[PDB]
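What follows is a short report on a single structure.
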Amino acid sequence: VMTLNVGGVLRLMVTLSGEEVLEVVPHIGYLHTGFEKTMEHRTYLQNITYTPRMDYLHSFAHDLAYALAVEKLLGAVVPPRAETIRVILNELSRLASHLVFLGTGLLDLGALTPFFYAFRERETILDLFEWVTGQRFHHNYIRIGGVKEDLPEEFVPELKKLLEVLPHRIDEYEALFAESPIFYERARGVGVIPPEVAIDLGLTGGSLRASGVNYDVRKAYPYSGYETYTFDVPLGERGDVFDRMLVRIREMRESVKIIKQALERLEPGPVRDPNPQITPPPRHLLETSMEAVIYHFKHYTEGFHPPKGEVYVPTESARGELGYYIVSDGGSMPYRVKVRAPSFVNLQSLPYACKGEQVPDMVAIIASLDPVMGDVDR
Amino acid sequence: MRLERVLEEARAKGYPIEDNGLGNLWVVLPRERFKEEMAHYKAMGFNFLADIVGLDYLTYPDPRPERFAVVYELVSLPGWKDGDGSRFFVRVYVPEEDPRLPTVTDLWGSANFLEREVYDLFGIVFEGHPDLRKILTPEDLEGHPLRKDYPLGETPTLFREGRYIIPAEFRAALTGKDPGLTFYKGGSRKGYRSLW
Amino acid sequence: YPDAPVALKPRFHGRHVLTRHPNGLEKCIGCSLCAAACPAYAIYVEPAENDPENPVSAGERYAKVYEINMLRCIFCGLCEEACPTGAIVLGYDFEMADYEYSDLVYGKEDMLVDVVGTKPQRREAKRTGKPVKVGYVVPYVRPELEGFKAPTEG
Amino acid sequence: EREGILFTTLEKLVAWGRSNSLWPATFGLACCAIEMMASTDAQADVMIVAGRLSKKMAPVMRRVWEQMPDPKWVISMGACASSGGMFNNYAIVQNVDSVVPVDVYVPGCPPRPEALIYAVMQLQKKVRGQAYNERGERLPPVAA
Amino acid sequence: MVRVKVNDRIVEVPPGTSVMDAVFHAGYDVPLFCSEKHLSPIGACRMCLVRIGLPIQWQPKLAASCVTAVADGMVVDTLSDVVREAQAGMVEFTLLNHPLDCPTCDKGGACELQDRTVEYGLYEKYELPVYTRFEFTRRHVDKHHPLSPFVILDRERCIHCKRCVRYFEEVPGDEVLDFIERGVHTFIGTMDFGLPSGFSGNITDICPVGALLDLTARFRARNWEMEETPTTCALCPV
Amino acid sequence: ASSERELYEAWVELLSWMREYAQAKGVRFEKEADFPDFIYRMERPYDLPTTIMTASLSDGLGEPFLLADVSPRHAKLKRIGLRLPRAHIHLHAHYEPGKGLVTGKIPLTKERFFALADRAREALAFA
Ligand code: SF4
Ligand code: SF4
Ligand code: SF4
Ligand code: SF4
Ligand code: SF4
Ligand code: FES
Ligand SMILES: [Ca+2]
Ligand SMILES: [Mg+2]
Ligand SMILES: [Mg+2]
Ligand SMILES: [Mg+2]
């Protein structure tokens, strides 16, 4: 027995005798920022800039989860064009985070040409965000009624470009890992996550369905209008770091089916709810309306006031079940904000995953659970 | 489906069903009957334990049963055995002067880390958890940060000429138990909700 | 690639600029409303009374002191959004790291529209007598940034 | 001869030397770590601090810094390192300078890849002893 | 004691009680301009209207709750569509001839009118929402005028809540401020110039808007930007 | 019509008279308020000859003995307005094509104006 101390930003205490693994006990907290308590001291409008800072990869998911929940509370109705723009944005954030998980996979497998490509794809996706939202990460775009402003004339013709090169591109990656040269021998038997156990440790992020459990929130508790899209939930055989890798890739494919499907119904109209009690008034009349001037001043200073009550709406990110648990006391600022971080609960299945297995494999056995520290730690 | 058999039971035996119009519903079990009846739920077919949230109501405008409370979330994954997809929350209030509450680590494995966090950030003990050790806050943090009476600890933001700002004294935003800048508040400033 | 200018999109979130009207008055009437919406407590506004004979802005109120601590700032534009005049607007300059912390709070004179370049860029081009080169280009300057003279051959 | 043209003109060169011999040891935390792996893709002096420095993680960065060649520089990337950023609370060190001497601060959240380029280009003009503050003074090539 | 039922909540209360303080004692609430603490209550702004039953026999018109004594077994409705519809109309009528200086107004976020407007205004009758129905020239008049070295009057802003004139006669007893012409042309004004009373500053705290404003501190900071420190004055024995 | 434009052309002119009188009788002229439609015009266009909506002739104590306004750009039933404060006298000047700035039917000239303001100064002026 020889207890060694590892340390991405994740300190791992590995009790070990020989070359196996007797138990891993992770110590997290090195990225603890304290979102949950800082948000009790901000506007509901001001909390929107805190959501994208946790999962900085698939950040739009947090933006969405938090918004969807506030909307519920204060009976706000999202226009058709905003529901469409939000799903187009959501999966676009999703492919951006899968591309990152994939890319760090193409590096363990030595393929440097297929990697330098994945890095350019993600850059074209980030390019797209900066087009509409002026930021590459943390785009302060989703709002409680819909979205900040409409999108620029250059967003659609750019999305199409990346909507013509992706379809096949995706398949190339599916092949490189499926028609596995090395990969087969590095993954096929490692990270044994039994179906009955995942559903006990609460693992969720496709690392769940790569284990044979057919549970995706967009289908079982449908939210932002996904109720009306075409959807295959990629499934895996017996949960390993092989099945897990391919699933994510098989997901990227279904995310493009959405992006295209949604792009089809995108129609001109309003982009956020006209209710003066939830939205500031059109700026153009700020030169005329007493009421408008009054509402504006008051909107951006003291916040709006949701009713007393508690609400939890479940969403699905690239990493599993997401969701905000908001408790309101009728203030400018929420009374409690508990964030159900997927990556956090997905980590309890790590001490079981690499149980008694090799040790150089333990790097890739962690990377197959797609954790983001900001998510776990928060 | 599997939740009907839950409500048809709680109704019968003095369990309060809490219901917002939005799509969630609670059931508040007393202290003692929690441990056992909570196991009753697993057998009933509740396999997944999605979350577990700690709530401190100290600074809440209306009074509540006891100072603290923990909420659990139970589910039946719709991609397994027969599982219907029943979901809900179960809450229990917990004395301030006695922060103890039995663990469900017997029943769900996810409840491990989750229970630890509720203990780090609020002072709530869990009778029989593998190891109640701090999860998120640094090792030498004195006390439990997520509760109301523990300061956020803010630094004044600084500018030139000794012009500084204290975020606490600055926020135009109100705290619900907060009276406001004028005499009183009323109407939409005590809560607003549209009628879809 | 500090030899080939970075092409940024028109919506990009850069160093705040404070715009003027055609007339030449500033748009800012010292209302401290931007400062209000700001999540970071990064804006400080001291107001002053306009002199009717020699006016700063069109109200009875102008901004005596205007200051943004960029080391606190997050660049969310929440501020540009709160503003009733269209005064504060995120710009394009990004080249702006520096040495002393308190040198990173910009001032009115640091963010007016007429000013080309960031503190560092203009300070180095001082003890140097070599005109400022901005390390970027854009397709067009937003409708909102009226006046802002920027390198945008597109 | 500490301040005589001989020794003087000498260290002027040595400095100009380790000026172009800067070997960056990135110390990424959250979101900023991801923006920099977009600038490095296209035995160390000079460490770059990118992100929210946690109070639990604070003592760690200290060791990493200490055990380091002696001529060294710290760059403070983004808003969370440069000050508490938008996280003005218990959990987070309000300015990495609170723990390690910073030589250059770089604003943004996260600052654009090419910003971090200017950040080091500046750290250059600084170890050359050719950089001044807004007060018109000459800056010491190294924090110590 | 008289047994009054405000909305659904029943409340005990002494005989000499206003229906207003009746409704505020209950928990519920209502608009509120002209009426003030320690000042004679009148029904001038006409915003605190409520519906009243004295059975279930409801009275035909709305009652100003600030100048109506509670009868025993009375019923007060403050929620009905009838009430709200009125409330939002009283907001509307007030803002009718109001100035539009909010951002540039020392009455920061501490402004009863601002607040109430967003509390009760913009009725939700059950398409784009109409912010302002009035579309004519507003009431332009005397603006930003110092009454004393300590006080500055903004006539445009005044909503005619009778507070200041009312206060001067009643509390100190120095009639140094009063209304002028009648109708829509009426304004606040003085002929005692100095603003002679040694208790003139108190109008500054009563005024619901930013007409009467403490000039010692014009344009220093916005109301939320102050660091309030509750203490005591040690200038004299009181 | 284009009468809307020509109205403001006269509104500036009235202001000019006011400033003339003010320096010529040595009495306070005061800008009382700028058009809100100008302070809040963001990037929007603006082409009115000035920015002053409420102008006055005040006295030694600063109390107005003459007031003047003109309806904002985006407002209905536009007229310019002369009001002698404490003496209940309001006036409504419009603009006729080929005639001029008229008060119902009488030409509101620089001559007729000065009469009103002098009359008002002697009488209403407190100090
Ligand atoms: S960009 Fe955001 S963080 Fe910066 S001053 Fe504006 S509101 Fe504050
Ligand atoms: S919100 Fe606009 S006008 Fe108001 S103080 Fe800020 S920049 Fe000046
Ligand atoms: S400064 Fe911004 S991008 Fe960098 S770590 Fe902080 S929140 Fe993330
Ligand atoms: S008095 Fe109130 S409503 Fe009128 S401008 Fe001032 S703050 Fe706004
Ligand atoms: S000046 Fe103030 S207190 Fe006096 S009547 Fe008018 S609004 Fe009321
Ligand atoms: S408060 Fe009762 S009428 Fe004004
Ligand atoms: Ca005057
Ligand atoms: Mg195993
Ligand atoms: Mg304790
Ligand atoms: Mg004056």
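Chain C is numbered as in Swiss-Prot; shown residues: 26-179, in order.
Yeah, the Cβs are placed from backbone N, Cα and C, and that goes for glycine too.
Copied from Swiss-Prot, the annotated features are:
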type	residues	note
DOMAIN	C:43-73	domain '4Fe-4S ferredoxin-type 1'
BINDING	C:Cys53, C:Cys56, C:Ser57, C:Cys59, C:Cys108	[4Fe-4S] cluster 1 binding site
BINDING	C:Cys63, C:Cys98, C:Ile99, C:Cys101, C:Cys104	[4Fe-4S] cluster 2 binding site
DOMAIN	C:89-118	domain '4Fe-4S ferredoxin-type 2'
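Where Swiss-Prot records a feature, it is marked here on the structure.
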residue: C:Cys53; record: [4Fe-4S] cluster 1 binding site; DSSP (3 states): coil
residue: C:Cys59; record: [4Fe-4S] cluster 1 binding site; DSSP (3 states): helix
residue: C:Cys98; record: [4Fe-4S] cluster 2 binding site; DSSP (3 states): coil
residue: C:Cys104; record: [4Fe-4S] cluster 2 binding site; DSSP (3 states): helix
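Rounded to a whole value, the Cα-Cα separation of C:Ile99 ([4Fe-4S] cluster 2 binding site) and C:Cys59 ([4Fe-4S] cluster 1 binding site) is 14 Å. Proximity to chain A (Cβ-Cβ under 8 A) holds for C:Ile99 out of the binding-site residues C:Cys98, C:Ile99, C:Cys104, C:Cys108. Distances between the Cα of C:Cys108 ([4Fe-4S] cluster 1 binding site) and those of the binding-site residues C:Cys63, C:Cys98, C:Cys101 are shortest for C:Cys63.
The binding-site residues recorded for this entry are C:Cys53, C:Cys56, C:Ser57, and the Cα of C:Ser57 lies nearest to that of C:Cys63 ([4Fe-4S] cluster 2 binding site). Long-range Cβ contacts of C:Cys59 ([4Fe-4S] cluster 1 binding site) within its own chain (separation 6+, distance under 8 Å): C:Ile68, C:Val70, C:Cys104, C:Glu105, C:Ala107, C:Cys108, C:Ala112, C:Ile113. Note: none of the binding-site residues C:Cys56, C:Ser57, C:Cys104 has a C-beta at a distance under 8 Å from a chain B C-beta.
Here the Cα atom of C:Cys56 ([4Fe-4S] cluster 1 binding site) is found 19 Å from that of C:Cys98 ([4Fe-4S] cluster 2 binding site).
Counting every protein chain shown, the Cβ of C:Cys101 ([4Fe-4S] cluster 2 binding site) has 25 other Cβ atoms within 10 Å. Note: C:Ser57, taken in sequence order from the binding-site residues C:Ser57, C:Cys59, C:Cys63, C:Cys98, C:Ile99, have a C-beta within a distance under 8 Å of a chain E C-beta. Around the Cβ of C:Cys53 ([4Fe-4S] cluster 1 binding site), a 10 Å sphere holds 27 further Cβ atoms from the protein chains shown. For the pair C:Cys98 ([4Fe-4S] cluster 2 binding site) and C:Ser57 ([4Fe-4S] cluster 1 binding site), the C-alpha distance works out to 16 angstrom.
Under 8 angstroms separates the C-beta of C:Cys98, C:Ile99 from a C-beta of chain D, among the binding-site residues C:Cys53, C:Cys56, C:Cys98, C:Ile99, C:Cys108.
The binding-site residues examined here are C:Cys63, C:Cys104, C:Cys108; by Cβ neighbour count within 10 Å, the least packed of them is C:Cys108.
On the backbone, the CA of C:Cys101 ([4Fe-4S] cluster 2 binding site) and the CA of C:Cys53 ([4Fe-4S] cluster 1 binding site) stand 19 Å apart. For C:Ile99 ([4Fe-4S] cluster 2 binding site), the Cβ neighbour count at a 10 Å cut-off comes to 25, with all displayed protein chains included. Cβ neighbour count for C:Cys56 ([4Fe-4S] cluster 1 binding site) (all protein chains, 10 Å cutoff from its Cβ): 26.
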